[PDB]
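Undergrad: Questions regarding the structure given below will be posed in turn.
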Amino acid sequence: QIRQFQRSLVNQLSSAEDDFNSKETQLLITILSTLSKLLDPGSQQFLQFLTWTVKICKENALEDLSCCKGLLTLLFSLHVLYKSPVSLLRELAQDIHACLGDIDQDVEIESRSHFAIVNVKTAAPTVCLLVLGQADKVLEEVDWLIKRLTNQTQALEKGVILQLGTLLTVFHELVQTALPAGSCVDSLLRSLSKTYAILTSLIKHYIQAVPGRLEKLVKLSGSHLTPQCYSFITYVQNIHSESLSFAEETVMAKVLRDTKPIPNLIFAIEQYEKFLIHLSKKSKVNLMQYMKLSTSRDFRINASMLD
Amino acid sequence: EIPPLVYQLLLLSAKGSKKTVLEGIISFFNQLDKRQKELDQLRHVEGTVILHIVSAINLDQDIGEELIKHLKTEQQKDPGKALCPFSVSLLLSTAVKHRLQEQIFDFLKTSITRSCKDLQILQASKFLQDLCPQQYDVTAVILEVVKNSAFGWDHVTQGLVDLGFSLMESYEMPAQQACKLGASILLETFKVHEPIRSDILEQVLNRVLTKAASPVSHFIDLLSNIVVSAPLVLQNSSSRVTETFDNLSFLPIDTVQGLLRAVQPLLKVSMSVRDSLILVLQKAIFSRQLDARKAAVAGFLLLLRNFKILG
Amino acid sequence: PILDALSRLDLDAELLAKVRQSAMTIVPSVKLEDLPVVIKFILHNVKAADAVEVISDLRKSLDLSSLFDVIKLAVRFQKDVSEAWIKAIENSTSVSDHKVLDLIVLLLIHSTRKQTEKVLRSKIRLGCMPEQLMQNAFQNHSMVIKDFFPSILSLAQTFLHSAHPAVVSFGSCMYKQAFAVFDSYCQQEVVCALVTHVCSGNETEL
Amino acid sequence: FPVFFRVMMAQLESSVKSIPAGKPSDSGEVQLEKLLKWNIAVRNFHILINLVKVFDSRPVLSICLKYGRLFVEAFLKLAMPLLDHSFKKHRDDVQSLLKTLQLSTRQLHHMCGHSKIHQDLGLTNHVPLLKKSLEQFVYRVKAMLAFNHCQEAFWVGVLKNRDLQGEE
DNA sequence: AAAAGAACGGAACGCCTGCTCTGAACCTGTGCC
């Protein structure tokens, strides 16, 4: 039945936007998701359906809002019970990075259009909210095993550091880009606060137990995440100031919310840091050479500008 | 042979130490049950030894206090392990002792909630199953406990019925799984524990009309299952067919329809129940208000098909 | 009789408020065998969330007068009548000194509400509900023990573990009052629970 | 000296917290009588944190971390809700007061950096909350300026990390 | 010397908002009516 439905969708999707009927296309995607719930868990058609949809997603461009969101929701439901999607999220992060300009404002990127589903017009939370939702789920299940982790434990630690390490590269890609100023900026800082906390309980567990693999994760964590994150914080100042100009031309409420995650981002950095300090002395290893001193910012009231 | 020897060993533990001897005898029973699974005399020996140990623990309740800490530590270490039929049987037996049973019940509830949450997590993500294959199911062992203790045990039936009574209220997703588990264990013990059938029926009838404001759909479901399993149980539980109509016309949320359908064989084999419901019908239908008169007419309409139309 | 008849029926919504107000006005005038009749008739009829003030006023009016367990049956008829009563009494007892019917209905809600100790643990731990009032209630209102036996097991047992000295004092007073009951089975159960607490429990509890 | 210093900050913070909160412009010229108090309090805090510079004792650093965090939290909780309304009539006073407070809070970042540089367990026990509170103050100042339509003037900038009475 | 003690250091469940996605006939503009 899916085959009879795939033909209609690809014919509709390949057709010109004049004959689009996006309402049917959204239904054409939801029926796929609702009919993909009861496939054979180890069936070949499970893999075959995945091979087709990633081809369509990476080739076609579902310019419609829900069509892109709906199709992307489907592919993850199959790509959860079978594998981990951090490779896809990393790949998508490249396209949005290629879609816009970097935070540094002095570096350019090639087209690198690995997925055609995402494009310049889809830079909105259309995609960068869903993947962060998976980032929420990916870390949500990680806490469960870490809590259990608190003979095969060597395999347990190796797998987590692979997913977290790959995901750490992902966050590095987004954090260098100019994210849309909507709640996606907020949600990125909400998961960024969450991510550092999960970094702790594994280390907090191992206190009661040295490996260089853990150090290499920390070395990558310091190099590709922290200075970019703080620089990304400096980016937010420019974005909010420009965005706050749209004040119809009592902004107390908006200003507080627009910078609420920022302080707690710092705190989640140092609570991990304070216990990572604790580990270094108890672990007899100097882990701070890779990392950098925790930077901070001051302000200044422009008296002349008040005139 | 073994019962007196382990009784002497328990006396020695009372004189000596109990940290490891308890776990050792649990392990011995565990491998005995494993080797006997693939044994009625052995089961009678098991009943005798559990009776001896539960009597000893009831005499000295504080001696068994270390069991709680030991099992909590094991559960923290072992992910779902150590909840063998022997351990849970010992836990339920001392619950009937009425000493600190509330904390043991709370620990059991936390354990089963964690177990069903973990089962859902593993089912909803295979990536955790590959790295965490230690899928331990408390439901499987507790349901096997019904068959394990179905050989005339001293207090296994009482422990199981108390466990189910706590479970059904704990259910109030994880709540649905808890309700399903409680209903299944109650059905199993009703189909197994013959001499507690009347007591179980009376207790659930007392509980069935126990949550007027709160939903009791699970109650009516379990009552219907036990009645359809044993149609004449409530017949031996007489003087309650008339009693069950105390406040039936207060909160019809389909509860009245389910109750009527569950008890329908009793009405068609019990003329006194039919007469009493006829008497209640005059009061129900003549209620000037309309807040609850819908339940009366719905029940009467169902009854019209309840009685046969032979002739 | 007219109050019972009208409560047996359902009138217009607007006219419900005025007849309800007439009901609480006539509540104090109801005699010992007559006031409970109107009390249950209006308690069954009243099902309004705005009736929290009505419940507070009824508690204030019936405090002086305090089978007579029929009011407990009327409150039991409503399965989930806890919220309005507990909010009304929390608002009231935060200012009012105390009330015997307040404690009685709080106990009734615990064994229906399964959630009533929260104000109890709060007001007792914060300068309210003197043990003398509870002792006088137990001595006079014998229906409290006649209401149900696990009241002592529901309240005093948890009161022993309380950290506040007022909490444990109240628990000890409740246990002492419960020992004074004439129920031989209830007294034996209470004494067995007491010796269980003495044998096993916190050293202060022992 | 350290016990002197600890009790001095304790009493200073208790007095600061004892100040009335910020009414929504419910007073005319009473705010004037409730403004210079914060000026002298910030001056006292500046004097104490300068006293830190001489005595590098570990307990001194610990108590200063803890009670500077507590004081800045109290400032955020109480003063600024009052300070936003006083900004209308009073401009130079609040600006100078903010200058003094910012001068005071500058050294807390440096000494937190020193704490994490020296791996002082007792000292690293208090760094995260202090850093979060300082960030909260930085952003509350912007909030108040934007509330009084002075959002153009405000500007954030990275603070050059330094050791105690040093650089880098 | 860098060990305790217990007073110092610290954690969990509960709350309804000030939130942003969603909503709705409109009123405008312009090829059509």
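Counting neighbours? That spans all protein chains shown, and the Cβs are built from the backbone with ideal geometry, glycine included. Just so you know, all these numbers are worked out from the coordinates, no wet-lab data involved.
Undergrad: Take the alpha carbon atoms of the stretch A:48-175, find their radius of gyration, then divide it by 2.2 N^0.38 Å using N residues; give the quotient. The partial results should precede the final answer.
TA: On the way: Rg = 16.0 Å, N = 128, 2.2 N^0.38 = 13.9 Å.
The reported ratio for this selection is 1.15.
Undergrad: At 7 Å along Cα-to-Cβ for each site, give me the label-to-label distance between D:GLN95 and D:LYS37 in nm.
TA: Inter-label distance under the simple model: 2.6 nm.
Undergrad: Just the C-alpha atoms of chain A: what Rg/Rh do they give, with Rh taken as the Kirkwood radius?
TA: Values: Rg = 22.2 Å, Rh = 21.9 Å.
Checking Rg against Rh, the ratio lands at 1.01.
Undergrad: Take the Cα atoms of the stretch D:85-168, find their three principal axes, and give me the spread along each one in whole Å, biggest first.
TA: 47, 23, 19
Undergrad: Let me ask something else. For A:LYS23, list the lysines whose Cα falls under 24 Å from its own Cα; do not include residues on the same chain fewer than 8 positions away.
TA: A:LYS37, A:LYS55, A:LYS58, A:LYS69, A:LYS121
Undergrad: Turning to a different aspect of this structure: Restricting attention to the alpha-carbon atoms of the stretch C:69-147, what are Rg (one decimal) and Dmax (integer), both in Å?
TA: That works out to 12.1, 33 Å for Rg and Dmax.
Undergrad: Only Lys, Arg, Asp and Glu count, each charged at its Cβ (+1, +1, -1, -1), so figure out the dipole size of the stretch C:66-170 about its Cα centre, rounded to 20 debye.
TA: On the way: 12 positive and 9 negative charges, 44 e Å.
Using Cβ point charges on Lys, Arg, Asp and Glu, the stretch C:66-170 gives about 220 debye.
Undergrad: If you don't mind, another one. How large is Rg/Rh for chain B, to two decimals, with Cα atoms and a Kirkwood Rh? Numbers along the way, then the final one.
TA: Working: Rg = 23.3 Å, Rh = 22.1 Å.
Radius of gyration relative to Kirkwood radius: 1.06.
Undergrad: From a point 7 Å beyond the Cα of A:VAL210 in the direction of its Cβ, which residues of the stretch A:120-154 have a backbone N at a distance under 16 Å?
TA: Counting only backbone N, you get A:151-154.
Undergrad: While we're on this one: Return the sequence-ordered ³J(HN,Hα) values of the stretch D:15-20 in whole Hz as given by the Karplus equation 6.51 cos²θ - 1.76 cosθ + 1.60 applied to θ = phi - 60°, using x for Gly and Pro.
TA: Using θ = phi - 60°, the values come out as 5, 4, 5, 5, 5, x Hz.
Undergrad: If eta is 1.306 mPa s and T is 10 °C, what Stokes-Einstein diffusion coefficient results for chain D, Kirkwood Rh from Cα pairs, in µm²/s?
TA: Values: Rh = 16.7 Å.
Rounded to a whole number, D works out at 95 µm²/s.
Undergrad: Give the distance, in whole Å, between the Cα centre of the stretch C:1-38 and the Cα centre of the stretch B:98-154.
TA: Measuring centre to centre over Cα atoms gives 53 Å.
Undergrad: Then there is this: Starting from the Kirkwood Rh over alpha-carbon pairs, what translational D in µm² s⁻¹ does the stretch B:239-311 have by Stokes-Einstein at 37 °C and 0.692 mPa s?
TA: Details: Rh = 12.6 Å.
Translational diffusion coefficient: 261 µm²/s.
Undergrad: With charges only on Cβ, +1 for K and R and -1 for D and E, what is the dipole size of chain A about its Cα centre, in debye, rounded to 20? Could you put the intermediate results ahead of the total?
TA: On the way: 31 positive and 31 negative charges, 355 e Å.
Using only the charged Cβ atoms, the result is roughly 1700 debye.
Undergrad: Still on this structure, please answer the following. Of the cross-linked pairs C:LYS40/C:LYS176; A:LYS147/A:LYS292; D:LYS88/D:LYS131; D:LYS37/D:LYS77; B:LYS109/C:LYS114; A:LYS147/A:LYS284, which ones have a Cα-Cα span greater than 27 Å in the structure shown? Walk me through the intermediate numbers first.
TA: Numbers: C:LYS40/C:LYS176 32 Å; A:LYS147/A:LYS292 29 Å; D:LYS88/D:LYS131 30 Å; D:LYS37/D:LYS77 16 Å; B:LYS109/C:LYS114 18 Å; A:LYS147/A:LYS284 25 Å.
Among C:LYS40/C:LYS176; A:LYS147/A:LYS292; D:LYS88/D:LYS131; D:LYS37/D:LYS77; B:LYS109/C:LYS114; A:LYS147/A:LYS284, the Cα-Cα distance tops 27 Å for C:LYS40/C:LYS176; A:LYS147/A:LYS292; D:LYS88/D:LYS131.
Undergrad: Follow-up. Highest mean first, how do B:99-109, D:95-105 rank when packing is the count of other Cβ atoms within 10 Å averaged over residues? Before the final figure, lay out each step's value.
TA: On the way: B:99-109: 16.5, D:95-105: 18.2.
Taking the mean over residues of other Cβ atoms within 10 Å, the ranking is D:95-105, B:99-109.
Undergrad: Tell me which of A:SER243, A:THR226, A:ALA253 sits at the most positive position along the dipole axis of the stretch A:207-275, charges placed on C-beta atoms (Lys, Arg +1; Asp, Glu -1).
TA: Farthest towards the positive pole: A:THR226.
Undergrad: Here is a further query. Once the convex hull of the C-alpha atoms of chain C is built, how many Å³ does it hold per residue, rounded to a whole number?
TA: Considering the Cα atoms of chain C, their hull volume per residue is 117 Å³.
Undergrad: Counting only residues 5 or more places away or on other chains, whose amide H sits under 5 Å from the amide H of A:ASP102 once H atoms are built in the peptide plane?
TA: The list, which skips near neighbours in sequence, is A:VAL107.
Undergrad: Something else: Per residue of chain B, what 222 nm ellipticity follows from adding -39500 (n - 2.57) for every DSSP H run with n ≥ 4, rounded to the nearest 500? It would help to have the intermediate numbers written out before the result.
TA: Details: 16 runs with 223 residues, N = 311.
That comes out to -23000 deg cm²/dmol.
Undergrad: For chain B, build the charge dipole from Cβ charges (+1 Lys, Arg; -1 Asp, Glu) around the Cα centre, then report which of B:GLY80, B:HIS193, B:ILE309 sits farthest towards its positive end.
TA: My answer, from the dipole projection, is B:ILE309.
Undergrad: Highest first, please rank the peptides C:42-51, B:146-155 by the mean number of other Cβ atoms sitting within 10 Å of their residues. Walk me through the numbers before you get to the answer.
TA: On the way: C:42-51: 16.1, B:146-155: 18.8.
Highest mean packing first, the order is B:146-155, C:42-51.
Undergrad: Taking every residue in A:271-284, how many Cβ atoms of other protein chains lie within 10 Å of its Cβ, on average? Can you show the working numbers first?
TA: On the way: counts 4, 1, 5, 9, 2, 1, 9, 4, 0, 1, 4, 1, 0, 0.
Counting Cβ atoms of other protein chains within 10 Å of each residue's Cβ and averaging gives 3.
Undergrad: Once both axes come from the Cα atoms, what is the angle between helix D:92-117 and the longest principal axis of chain D, in degrees from 0 to 90, rounded to 10?
TA: Orientation of helix D:92-117: about 20 degrees from the principal axis.
Undergrad: Right, something else. Less than 9 Å Cβ to Cβ from D:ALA74, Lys/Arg counted +1 and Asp/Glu -1: what total charge do the surrounding residues give?
TA: Here the count lands on 0.
Undergrad: Taking a cut-off of 13 Å between Cα atoms, list the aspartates and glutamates near A:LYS260, but don't count ones fewer than 8 places away on the same chain.
TA: A:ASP186, D:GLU135
Undergrad: If eta is 1.306 mPa s and T is 10 °C, what Stokes-Einstein diffusion coefficient results for the stretch A:142-278, Kirkwood Rh from Cα pairs, in µm²/s? Please report the intermediate quantities before stating the final value.
TA: Details: Rh = 16.6 Å.
Estimated via Stokes-Einstein, D reaches 96 µm²/s.
Undergrad: May I have the convex hull volume per residue, in Å³, for the Cα set of the stretch A:206-271?
TA: Details: hull volume 6.1 nm³, N = 66.
Taking the convex hull of the Cα positions in the stretch A:206-271, it is 93 Å³ per residue.
Undergrad: Hey, another quick one. With the Cα gyration tensor of the stretch A:183-235 in hand, convert its eigenvalues to equivalent ellipsoid semi-axes via √(5λ) and list them largest first in whole Å. Could you put the intermediate results ahead of the total?
TA: Values: eigenvalues 127, 43, 9 Å².
They are 25, 15, 7 Å, listed largest first.
Undergrad: Moving to a separate point now. Whole-Hz Karplus ³J(HN,Hα) for the stretch A:276-291, in order, using 6.51 cos²θ - 1.76 cosθ + 1.60 and θ = phi - 60°, x for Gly and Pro?
TA: Values, residue by residue: 5, 4, 4, 5, 4, 5, 5, 8, 6, 10, 8, 9, 8, 5, 5, 6 Hz.
Undergrad: Over the alpha carbons of the stretch D:41-82, what is the largest minus smallest coordinate on each principal axis, giving the biggest first in Å?
TA: 36, 18, 8
Undergrad: Could you give me the percent of Cα pairs per 10 Å distance bin for the protein assembly as shown, shortest bin first, beginning at zero and ending with the bin that holds the maximum distance?
TA: It works out to 2, 8, 12, 15, 17, 19, 16, 9, 2, 0, 0, 0, in whole percents.
Undergrad: Ok, one more. Only Cα pairs under 8 Å and at least 6 apart count here; give the relative contact order of chain D as a rounded whole percent. Provide the component values of the computation, followed by the final result.
TA: On the way: 141 pairs, mean separation 47.8, N = 168.
Rounded, it is 28 percent for chain D.
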